[PDB]
RNA sequence: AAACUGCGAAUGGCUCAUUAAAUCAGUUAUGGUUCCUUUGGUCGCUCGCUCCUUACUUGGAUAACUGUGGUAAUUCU
RNA sequence: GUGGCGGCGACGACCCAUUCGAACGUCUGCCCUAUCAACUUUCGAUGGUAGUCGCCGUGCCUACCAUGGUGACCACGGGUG
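Chains as they are written, first to last, in my numbering: chain A, 5 to 15; chain B, 635 to 809; chain C, 13 to 54; chain D, 59 to 238; chain E, 95 to 382; chain F, 116 to 262; chain G, 270 to 580; chain H, 28 to 215.
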């Protein structure tokens with residue numbers, strides 16, 4: 005879990 | 635400890651000094667010297683407690699500054715000078731000589747010696763090493779180092795040193 | 013992963029709200045996309 | 059500050075320990091001396107006991123020993139080619155212990171020519187033994203010799219070493235060739 | 095008093111227009127060999143008044159040679175070898191007469207931070223000659239003429255004749271000083287060791303100088319009854335060094351063609367004076 | 116096999132290996148002189164340590180370490196690290212209150228020089244005290260006797 | 270060559286790093302000038318009005334480059350050769366963190382609070398600053414990346430590569446808008462205006478690039494082979510300043526006419542121009558920091574207004 | 028605005044209050060340690076040249092050479108503290124300005140140069156005495172010691188001379204001889 | 001008197017704001033390190049291009065002191 | 001005669017030894033809690049090579065490597081006028 009990359013969404 | 639302590643408490647003094655309990659909080663901390671702190675007898679203790687020549691510390695200082703006490707043939711003015719085993723003390727004003735020898739109970743004893751006996755002392759050989767220019771050197775128990783010793787002398791042997799010259803006269807082998 | 017060799021995505025407490033987003037862009041958003049499409053020989 | 063203490067480390071079993079004291083003076087550390095190549099610039103540092111440490115920041119010359127010929131000569135340093143610890147020191151030209159450097163070969167050539175009276179580096183009752191391996195001859199033709207630094211520039215302030223020869227020489231040559 | 099005179103001449107804009115300027119330049123060149131630093135730096139200023147196009151650009155490097163702190167660094171960073179040189183090839187002819195005389199003065203007095211005293215004399219000679227090893231055989235000749243100046247009188251004449259006439263023209267009242275003679279041999283030993291590859295042309299006259307002094311010292315060593323006792327030990331040391339260098343020259347230079355006169359000279363000054371008594375000395379240790 | 120397995124050149128520091136020689140001596144044998152020392156205390160240096168070719172600075176016989184202090188013995192338990200093993204020492208601890216004993220054990224990480232070979236699980240090892248070689252290693256292997 | 274550059278009594282006292290000066294920079298307000306150097310790596314801030322140093326802060330390791338995030342001296346970010354990123358508040362040291370691989374250079378995007386790390390990895394690290402969490406990586410597909418720059422006009426990010434190719438990315442949506450091809454690596458990369466771009470090479474060439482045309486508008490070649498570290502733009506006279514270790518060259522943007530050249534005694538680690546002034550600040554391999562004033566280029570700075578009278 | 032003028036050749040100081048702005052205008056907008064021809068001061072000051080040594084502003088803060096400003100700054104001065112110092116540029120907002128006369132003019136100032144202030148103390152080290160009196164090695168330094176006559180009311184007249192230091196006396200030679208003897212004894 | 005130089009203040013006191021082999025007790029090692037003071041040693045030169053007639057002692061400064069001063073303001077200057 | 005020899009002290013001084021210590025290690029031995037059974041690699045945990053720093057030995061630290069280390073013989077965690 006510590007190495008899973010976060011995913012961001014374009015606002 | 636954070637730093638070295640310069641105040642020797644009376645209860646932490648060596649038990650062979652025969653100090654009583656209600657004199658005071660402190661005991662004379664011996665100055666650094668030829669003998670270890672735990673195996674030495676300070677000049678003030680020998681001069682005011684053993685011989686009863688002095689009453690107070692200022693009294694011991696007044697005695698010492700007159701250059702009356704000689705330790706191993708040399709005048710010592712430090713009242714906390716560490717005197718140890720096989721040491722010769724001369725007081726010419728009282729015409730008296732002492733040699734510090736352990737007694738059967740494990741304490742330094744007031745042993746009077748004949749003035750011809752006070753001309754020499756015995757030392758235990760601690761170290762043998764070759765110095766600069768191939769000059770042999772011998773180191774004793776009382777921090778005395780001597781150049782050009784007899785080749786037959788090894789570690790744990792005993793040597794007789796003449797106090798006037800500081801040279802080896804003869805030796806006893808460990809056997 | 014030893015000595016932080018592998019990147020980790022835990023939240024940093026001290027870095028939270030260290031700066032505020034401040035933007036001064038003269039180009040409008042429509043102009044930027046048209047410029048980006050036509051960059052270099054493209 | 060830089061501390062090189064031991065109580066900030068985890069235990070052998072893996073548990074962490076909590077401090078009982080603040081940092082002490084005798085556990086201090088100092089910033090590293092990244093010795094570059096350039097005009098001589100050395101700083102002195104007062105250390106515990108009142109002694110001195112010579113912190114060489116920039117060096118360009120040093121004495122190196124030709125062990126086979128037993129010829130110690132003072133020559134300038136040109137470049138850093140190999141470092142076992144890290145390649146970044148090779149990039150930044152940092153002088154540390156056991157790094158491989160290139161030195162000028164002029165004094166060694168002069169000594170050889172004055173001693174054996176044979177030409178060297180030129181373009182196309184035991185007696186004296188003037189025999190040199192092909193690798194050293196090639197390096198002398200190139201004009202630069204490979205050397206290994208034996209002293210610590212950040213501690214003594216000087217960069218001394220020895221000329222690479224033999225099994226070590228082809229080992230390092232192979233390492234340099236494989237790196238490219 | 096000399097510094098006072100030199101200072102005013104350093105502040106002259108056009109030294110060429112000065113009267114008797116030709117003799118002034120000769121005086122300045124002689125003063126470059128001086129041992130004192132303050133004499134040398136003020137003399138260099140007078141030379142730089144002549145804004146010679148070749149000497150002038152290397153002014154800063156010359157001054158750092160005259161500074162105690164920056165001498166050793168300047169030696170490395172003022173390379174004169176033809177492969178890599180700071181000085182250009184066209185400028186070598188003009189710069190070298192200035193350079194050699196400055197280095198000769200430093201060699202006598204001081205060539206670094208810790209190089210002072212009679213004990214460090216060998217270190218001083220070594221440092222200069224390694225720097226001069228990169229020069230051509232023509233350019234090194236200027237320095238060797240300065241080094242062997244007191245013994246020029248041994249050079250003239252043929253090899254065998256020079257050895258013989260030196261013995262005859264010997265007076266116990268006046269000789270070259272033994273201390274200076276010891277300096278000549280120590281300097282000459284260092285020269286043969288380090289610049290032997292630039293010495294082939296000048297080698298035959300070295301044999302003349304070396305043999306003549308060795309022959310003379312043996313002559314006083316025969317006449318011990320007329321000399322002081324304290325002088326005996328330095329003379330024996332002088333003879334020992336002379337034979338050792340002849341031993342060195344024979345050990346190397348295998349292909350060198352020795353003339354007949356030189357073979358006569360070596361027996362006159364080295365072999366015959368001691369060969370008769372060789373059974374007496376060699377038994378304890380091998381004599382030179 | 117091959118002793119050059121690291122990024123740096125492995126060499127025995129006190130031996131000079133670039134001495135130039137005549138061709139007749141080179142034709143004979145290129146045998147490097149080995150360095151080894153007598154450690155004292157009655158222990159004998161192994162033979163294959165004398166004619167070996169391994170490089171180990173922590174070797175008690177061919178490295179720069181000194182043996183002084185306490186001499187202990189144990190049973191070898193684990194060989195899984197590089198040149199270091201884990202041994203076990205068993206003993207009995209006495210409690211006065213109930214007047215009996217309890218069994219206790221200690222685990223010790225000790226360095227092996229590559230000299231000692233044919234070492235298995237459960238054989239007796241005699242080890243000696245030396246300077247700290249790592250975080251947890253302070254003893255070196257001196258003698259191996261089979262089970 | 271009729272420019273008569275002067276050299277400087279003491280404008281700011283103790284403008285002296287102990288041995289060398291690595292990087293010299295100025296704040297947006299112009300109030301504070303910041304310098305770093307060896308030995309005992311320091312950050313020294315000099316107030317222009319007081320003509321003295323405000324403070325000195327020692328650091329563990331040498332700083333390759335630093336960026337002044339705040340308008341004033343409060344917030345500073347340091348990049349270290351030990352892979353360390355140090356944040357300094359107005360009080361002092363605030364926090365320190367590591368980067369997975371060594372960092373060559375970094376740039377900060379003021380919109381979105383994203384700071385980009387270019388270093389010894391193919392990927393370029395992104396650190397969001399409003400939330401402390403590291404953001405998603407972007408893969409440049411190049412073995413080594415040397416330099417990076419962000420355009421202020423329209424927010425365009427370009428990273429230099431060791432192969433010699435400039436790759437342009439978009440801070441929004443994190444996609445590669447374009448790529449540019451041009452043996453020597455990219456020493457210096459600089460954005461000026463909306464449409465003008467400059468590429469530095471280790472061989473010693475300055476190439477001016479237009480975003481729309483692949484071919485360079487003009488090329489200027491330094492005769493020395495030394496790499497050019499810094500490229501700067503001066504808007505009023507349209508002068509482009511290219512600096513290398515040996516010398517500093519100032520030449521016109523169009524037709525490449527040379528304004529003047531300054532050669533100092535020691536090599537330049539960095540150069541800086543005070544905004545809207547002829548004053549030039551240089552960092553050298555010398556305990557002193559060089560200060561030069563060019564009357565022709567611009568007027569004297571306000572805090573040094575009397576310098577015009579002194580000339 | 029006051030001027031403290033000193034003549035070092037005679038060593039005389041004088042404080043003059045000049046209320047004329049026209050006279051002080053010539054000193055305005057000039058830096059310290061610069062040579063100024065003070066002709067505007069008056070008819071007595073013709074051909075005189077002065078050097079600006081220092082001064083104090085209306086709040087009593089002194090001037091420092093390095094700083095270049097018209098006002099006050101806070102610099103680290105001597106373990107260094109942030110003291111406030113006035114800039115070196117001379118302005119009209121100065122309480123006092125110091126001047127040192129370097130070149131003498133035609134006429135003489137009635138305060139400074141007509142009278143002479145003598146030096147009060149002679150040299151004490153032997154070599155400095157020899158240099159001052161151009162003594163050779165053979166001349167005796169003890170003969171050339173400057174004696175100070177001193178008299179007070181109710182006291183006998185007296186004359187005192189300083190003790191010569193670095194003077195060769197037999198005691199020092201005996202000490203050197205003893206050191207050489209100790210070296211000989213050690214070798215023996 | 002004043003001023004310059006040297007030594008000590010890190011010990012004894014006192015104090016409301018931390019802690020399970022982390023401290024602590026006993027043994028054991030310095031051949032893996034540091035050291036003010038005490039004590040004992042050690043502490044001379046042949047020649048070696050520096051030439052001719054400082055080792056009977058070589059150089060440059062600065063306090064105390066004299067005198068002129070500025071400000072609401074320091075023993076600030 | 002700018003002769004030659006000298007006594008008893010004071011102060012300072014390179015190095016060796018001694019004294020007073022200081023600092024890192026080896027071995028032996030700690031209270032309650034299992035309704036804490038697993039832990040360490042959660043910015044090095046174990047070991048190897050080279051190096052930085054440090055008074056010195058050492059993951060003390062950094063680069064490149066292997067997957068190690070401890071545990072019911074109670075590790076690890078939590079407590080404990």
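We put the beta carbon where it would ideally sit given N, CA and C, even for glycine.
Give a yes or no on whether 7 Å exceeds the smallest Cβ distance from residue 160 of chain D to chain G.
No - not a single Cβ of chain G is within 7 Å of the one on residue 160 of chain D.
Relative to the alpha-carbon of residue 189 of chain E, which residue among E:146, E:276, E:225, E:158 has its alpha-carbon at the smallest distance?
Of the listed residues, the one whose Cα sits closest to residue 189 of chain E is E:146.
Residue 398 of chain G and residue 382 of chain G - do their beta-carbons sit closer together than 7 Å?
A contact, by the Cβ cut-off of 7 Å.
Counting only Cβ pairs nearer than 8 Å, list the residues of chain A close to residue 20 of chain C.
What residue 20 of chain C touches in chain A: 6, 7.
Taking only beta-carbon atoms, is residue 123 of chain F less than 7 Å away from chain D?
Residue 123 of chain F counts as touching chain D.
Counting pairs of beta carbons, one from the region 13-27 of chain C and one from the region 435-454 of chain G, are three or more of them closer than 8 Å?
In short, these stretches do not touch, since the Cβ pair count stays below three.
Can you find the residues in the same chain that come closer than 8 Å, C-beta to C-beta, to residue 158 of chain F, ignoring five residues on each side of it along the sequence?
Result list for residue 158 of chain F: 257, 258, in chain order.
Nearest-angstrom Cα distance between residue 160 of chain D and residue 236 of chain D?
If you take the alpha carbons of residue 160 of chain D and residue 236 of chain D, they lie about 18 Å apart.
Any C-beta of chain D sitting closer than 7 Å to the C-beta of residue 195 of chain F?
So, not an interface residue.
Kindly say whether residue 446 of chain G, judged by its beta-carbon, lies nearer than 7 Å to any beta-carbon of chain C.
So yes, residue 446 of chain G belongs to the interface.
Take residue 46 of chain H as the anchor and find which of H:54, H:28, H:208 has the nearest alpha-carbon.
When only C-alpha atoms are compared, the closest one is H:28.
Apart from the five residues just before and just after residue 313 of chain G, which ones in its own chain have a Cβ nearer than 6 Å to its Cβ?
Here the set comprises 304, 322, 325.
Would you say residue 172 of chain F reaches chain D, if we count a Cβ-Cβ gap shorter than 7 Å as a contact?
By this cut-off, residue 172 of chain F is not an interface position.
Output yes if chain H places a C-beta closer than 7 Å to the C-beta of residue 320 of chain G; else output no.
Closer than 7 Å to some Cβ of chain H, the Cβ of residue 320 of chain G qualifies, so yes.
What are the boundary residues of the alpha helix (DSSP H) that includes residue 502 of chain G?
Premise fails: residue 502 of chain G lies in the beta strand (DSSP E), 497-503, not in any alpha helix (DSSP H).
Mind pulling the chain G residues with CB within less than 9 Å of residue 42 of chain C?
Near residue 42 of chain C there are no residues of chain G at all, since even the closest Cβ is about 12 Å away, more than 9 Å.
Ends of the beta strand (DSSP E) at residue 397 of chain G?
Run containing residue 397 of chain G: 392-397, per the beta strand (DSSP E) assignment.
Which partner residues does residue 192 of chain H have in the DSSP bridge list?
According to DSSP, residue 192 of chain H bridges with H:152.
Rounded to a whole number of angstroms, what is the C-alpha to C-alpha distance between residue 94 of chain H and residue 198 of chain D?
The straight-line gap from Cα to Cα measures roughly 58 Å.
Do the region 178-196 of chain D and the region 96-113 of chain D make contact, defined as three or more Cβ pairs closer than 8 Å?
With a cut-off of 8 Å, the region 96-113 of chain D and the region 178-196 of chain D do not count as touching, because too few Cβ pairs lie within range.
Per DSSP, residue 561 of chain G forms a beta bridge with which residues?
According to DSSP, residue 561 of chain G bridges with G:276, G:549.
Between the C-alpha atoms of residue 534 of chain G and residue 347 of chain G, what's the straight-line distance to the nearest angstrom?
When rounded, the distance between both Cα atoms is 29 Å.
Let me see if you follow: with CB-CB separation under 7 Å, is residue 183 of chain D close to chain F or not?
Not closer than 7 Å to any Cβ of chain F, the Cβ of residue 183 of chain D fails to qualify, so no.
Please report whether the beta-carbon of residue 29 of chain C lies at a distance below 7 Å from any beta-carbon of chain G.
So, interface residue.
May I ask you to report which of helix, strand or coil DSSP gives residue 679 of chain B?
Residue 679 of chain B falls in the helix class under three-state DSSP.
Enumerate in chain order the residues of its own chain whose CB-to-CB distance from residue 237 of chain F is below 7 Å, with the five nearest sequence positions on each side excluded.
Taken in chain order, the residues that qualify are 190, 191, 262.
Opposite residue 752 of chain B in the DSSP bridges: which residues?
According to DSSP, which records beta bridges pairwise, residue 752 of chain B is partnered with nothing at all.
Which partner residues of residue 252 of chain G appear in the DSSP bridge assignment?
In the structure as shown, chain G starts at 270 and stops at 580, and residue 252 of chain G therefore has no counterpart that could be examined.
Considering only C-alpha positions, which residue in the set B:797, B:754, B:742 is nearest to residue 685 of chain B?
Minimum Cα distance to residue 685 of chain B is reached at B:742.
Would you kindly work out how many angstroms separate the C-alpha atoms of residue 502 of chain G and residue 52 of chain C, rounded to a whole number?
C-alpha separation (whole angstroms): 22 Å.
Is there contact here, the region 133-147 of chain D with the region 112-125 of chain D, by at least three beta-carbon pairs under 8 Å?
The region 133-147 of chain D vs the region 112-125 of chain D: in contact.
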